[PDB]
Structure formats: structure tokens, C-alpha cells
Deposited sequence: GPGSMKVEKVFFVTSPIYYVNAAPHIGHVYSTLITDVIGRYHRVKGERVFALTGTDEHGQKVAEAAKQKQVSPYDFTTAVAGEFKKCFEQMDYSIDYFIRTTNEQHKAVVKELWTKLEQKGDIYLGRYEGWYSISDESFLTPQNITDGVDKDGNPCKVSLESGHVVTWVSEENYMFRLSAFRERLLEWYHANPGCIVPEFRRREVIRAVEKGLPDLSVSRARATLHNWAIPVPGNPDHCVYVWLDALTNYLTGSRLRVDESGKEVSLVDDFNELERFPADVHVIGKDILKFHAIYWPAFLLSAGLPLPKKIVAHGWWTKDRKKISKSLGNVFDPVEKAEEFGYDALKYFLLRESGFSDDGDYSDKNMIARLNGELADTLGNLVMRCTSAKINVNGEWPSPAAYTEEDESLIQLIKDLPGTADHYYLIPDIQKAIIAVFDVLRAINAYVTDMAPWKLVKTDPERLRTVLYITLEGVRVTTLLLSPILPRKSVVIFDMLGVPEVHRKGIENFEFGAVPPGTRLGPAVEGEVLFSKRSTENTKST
């Protein structure tokens, strides 16, 4: 199928202000989106806020404001944050939106008509902070915000409470075999692989039915009513997960306001998601519940769920103002793969800013554009190639395919490492050929050295443009790369910018080192 590449972040609870967690998740969503745009594909990237439920209403009660005022305010803080971080998200969704609620009711009704929702009881533990049902084996002893003796979640260490309610139940138990078929048939559907193994183990152990409504009193009436039963409200997670479906059905104008909700998801060619970006703490909701609902409704399943090492639930805008926006994005994407084992100190931030961005990339951009070395201020025409020239060229030609596979996994840290390996190689080659000497001794040779250098800088910069969107534009301007050559798989190929291309005007640092 030729469809719109549909990439999502989770929608974030509005009990608290935006923070690094949310910023991180949306950054990954943004980068994936950007990579596919650079590739030349149609892209719809989605982010947003999760505004209903017990947790949000209780956060609004603490602040002595109405849930409507509170959620609207906090949503605005998330919107301002994501504008400031310089993302390129196509739409920001809110679960308070009327069109979203329509879709929730449609979906609810569909599940009901298939006999997959019945009236039942849930008697068990529940974390209000995670909005998660827990069995007794996922709880242990602990303390609260004061220090009294209570029970807590093994998942998250938040306080749990016993709940005994008549609830609408979804027949999740009936989807165990079909979920297991899905996991085995599509062995890259959950990334990384060890989290895929976690999910499969859990589903193999057995699946209880899932409570999908709560009594309206318990939610402080801050929730979507169940169709044809106003004493019950729809479970915040069914309401939340459905944002992806809603998003896939909203037509959106040139300034990002929703204007129309289509009946059939196929009209916009977005659903199902190609990638759901999530934190590790919401894996079960996305890999177990969400597909079970979709199977029940006869809707298509997402292709990939990528679960990163961070939790979903250190001020980024402050650090971006201190070290640069692109540099901060580079650091977060480079420093952490799929575990929490990463060093986010100012020491390490500066180490990578100076080491990799300034000395490796920045230096190299200045070398191939400086008037000392590139005297004609143009892309020269190469002479014949030595075997050492060819070895570097081979690396540059192989890089797009290698990075493409990493971005598609998706493993953004590995994509960056691949590019920088080539950058290190190019630097080694330059040091070796010493082109500063060649301006005097051997002009014919310098043409070849300089051309290869420029073209390596271009190709690496193209593949880095989803990570450093602003700086990539600065680099391409210095190199004098025409706009048409700054995207499209065509321009991943070696030799795309012809010799004779004039460099851009000089002024002037790309990344400046710090103490």
C-alpha cells in the first residue's frame, strides 16, 4: 500500500506541567516523522493531551479550579512547550474534543454490538496515578506523600486502593490466542525485542477480562458517558487509546485547527499507525488492550510499537536556551537507547557537544568551506580516484541504506552512530590528505579531496537533518546545496550535487565549544 506514514506520541496526562519525559517521547515521534518526510513520503505526526479521569480531576480539586479550566490551561502549557521545542507535529489532539468523544462512542458501540462488552464487577487493586488495574502479585508494602503504612504498585511505586464496582467489562480473555498469533506472525511489531518477549510471556500466562467503565461518582463526573447508560463513564484508557483513531479521521487546516471528522478512516489513508512511540510504562495498554479492541471492532492493527527506556509520567527549554535546541535533541537521542542507563550530566552534554558536534561535524564543515582550502568557493570537479579515495566513497554510498534500516526499526541512536562513524572516517581522510598543503603542491589532487569531503558532509548532513533540523539548513546553506537536493531518496545517492555549484556566503560558528 501507498499510504500516509502515520506516527504518534502518547497523549500526556494533564495533572502536571510538561517535563522532559513528554518532551522526549514527542521528540522521537517528531524525528521519525521528519525522517519519512526527508525520504519524500506523506506524513501525519500526532501528539496531544489526555484530560479525563480520576487523576486529572483530583489534580484540579487540589488546585481549587474546575476540571475544564485546569485541563484547558495545562493543555496550553503543553502546546507552548512543543512550539518552543521546534517540533513539526501535524496535529495536537485533546480528549475533551467533541469529535474525539464521538469516535469513542462509535467504537464503544461497535464493541458492544460484537458481544465483546458485558456488565460485570471488578473487585481488585487499582493505581489512580497509572489509571491501571493491578492483580495482587503486582503490589507490595510502602508509604504515601505523608508516610503512613499503605500498599503500592510494583510497576510504579504509586499508591494503590481497593475498588469494588459494578463495571462494564471487555472480554479481553477471548483475545489471547489471536494476540499471540499477531505477535508471532509479525516479530518486529514490538520494539525492542526484549519488550516484545515481555509482552508475549504475559499474554501466555493468561488474560483477565478488562474493566472498561467506572461509576460516574468515582471519576468526579470528569469522563465520557457510556452510550445508553449515563450512570457509567468510559475508562480513561479506552478513551485515551482511541485518540489514535480519532486523529486518523480529522481533516486539519494550514494552521492546525481540526475542521471535519470523516466517517471512514480509509478516506485519509492514515490508520493504522505505522509507529506508536511510547514509554516503557504504558506497554501493556498499547500491545495487549489496544490490539484487542481493534480485533474486536474489525479494525487494522498498528505495524510497530516502539517503547523507549524512559518513563512517560531538568527543564528542557532552559537547557536548550543554554546549549542550543538541535544540540539538546542530538544529546537526548544519542545518549540513550532502549535502557535507562545513560548519563545526562552537564559534563557529558558538554563532552558530546564539543567532541562530536563541534570537533567532528562542525570542524569538518568549516574545513571544506574555508577560503584557505576551498579557494574558488565552489564544488570542484574531481580528478581520478585513489584506492583510499574509493574506500571513503564506499562508506558514503553505504551510509544511506544502513541509516535507513536503523530509522525504520526504529533505533535512532544507531542511525546517529552510523552517520558519525562516516564523519569520523571523513575527518581521518582529511587529516591524511592534508588538503591545506595541497593548495600549493598539487591543485589537481585537492579537487578530488575537496569534492569527496563536501559530498560526504552533504550526505551525512541529509541523514542527520531529522536530528538537527535547524543546523542542517545552516550547513546546506554554507555548502550552497540547492533546496531541491535537501530531500528525496534521489539525493541520498553519491554525486547528486554537481561540480560548479557555488558555496553560500560567509559571515560565524556552527556549534561553539564550552568550558
item: Sequence ranges without modelled C-alpha atoms (deposited numbering); value: 1-6, 320-331, 526-527, 536-542
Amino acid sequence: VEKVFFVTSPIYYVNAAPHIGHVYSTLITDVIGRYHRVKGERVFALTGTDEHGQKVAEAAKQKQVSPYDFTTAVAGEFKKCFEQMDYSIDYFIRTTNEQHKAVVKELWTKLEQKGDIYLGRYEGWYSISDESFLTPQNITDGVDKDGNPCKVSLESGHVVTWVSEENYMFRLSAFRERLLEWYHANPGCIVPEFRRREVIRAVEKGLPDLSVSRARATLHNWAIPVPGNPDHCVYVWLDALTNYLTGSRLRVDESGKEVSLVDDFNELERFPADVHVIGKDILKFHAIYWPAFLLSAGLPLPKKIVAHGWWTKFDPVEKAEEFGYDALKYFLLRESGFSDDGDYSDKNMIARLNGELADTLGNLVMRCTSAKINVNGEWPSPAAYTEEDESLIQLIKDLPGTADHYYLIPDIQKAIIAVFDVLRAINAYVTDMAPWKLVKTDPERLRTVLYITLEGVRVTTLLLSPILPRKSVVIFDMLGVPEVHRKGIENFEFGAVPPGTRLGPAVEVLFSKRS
From here on, numbers count along this sequence of modelled residues.
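We call the rigid core the largest set of C-alpha positions that still match within 1.5 Å between the two forms.
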property: Between 340-348 and 193-201, the one whose CA atoms sit farther away in 9 other deposited structures of this protein (rigid core aligned); result: 340-348
property: Between 163-171 and 304-312, the one whose CA atoms sit farther away in 9 other deposited structures of this protein (rigid core aligned); result: 304-312
property: Which of 316-324 and 208-216 has higher mean CA B factor, as the PDB entry lists it; result: 316-324
property: Higher-scoring stretch by recorded Cα B factor average, 146-154 or 177-185; result: 146-154
property: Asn97, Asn243, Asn167, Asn348, ranked by C-alpha B-factor: the highest one; result: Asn348
property: Most elevated Cα B-factor in the entry, residues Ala307, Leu353, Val234, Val419; result: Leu353
property: Third assignment of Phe494 from its chain's C-alpha B-factors; result: middle
property: For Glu58, the third of its chain into which the C-alpha B factor falls; result: highest
property: Chain-relative CA temperature factor third for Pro505; result: highest
property: Entry-reported Cα temperature factor of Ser465, expressed as the chain third it lands in; result: middle
property: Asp253, C-alpha B-factor rank within chain (lowest, middle or highest third); result: highest
